[PDB]
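Enquirer: Quick one: experimental structure and sequence below.
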Amino acid sequence: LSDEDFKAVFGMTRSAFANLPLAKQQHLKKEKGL
């Protein structure tokens, strides 16, 4: 994912996402099927 598609898919920049607890990062990834 480009950073722009990252934001369209997860609703936040890659740097906000990297600040999330790891278990929630994984959760969000499963939820998007990515």
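Expert: Noted; the coordinates are in hand. Residues are numbered from 1 along each chain as shown.
Enquirer: Just give me the residue closest to the centre of this structure.
Expert: residue 10 (4.5 Å; Cα atoms, centre = their mean).
Enquirer: So that residue versus residue 28, what's the distance?
Expert: 6 Å (Cβ to Cβ, to the nearest Å). C-beta: built from backbone N, CA, C; applies to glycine.
Enquirer: Overlap of the contact sets of those two?
Expert: Common neighbours of residue 10 and residue 28 (criterion: Cβ atoms under 8 Å, 6 or more residues apart in numbering): residue 17.
Enquirer: quick one: the helices in the chain?
Expert: 3-10, 14-17, 22-32 (DSSP state H).
Enquirer: List the contacts of residue 10.
Expert: 17, 28, 32.
Enquirer: From residue 22, how far out is it?
Expert: Where residue 22 is concerned, residue 10 sits at a distance of 15 Å (Cβ to Cβ).
Enquirer: Same check on residue 5?
Expert: Applying Cβ to Cβ to residue 5 and residue 22 gives a distance of 22 Å.
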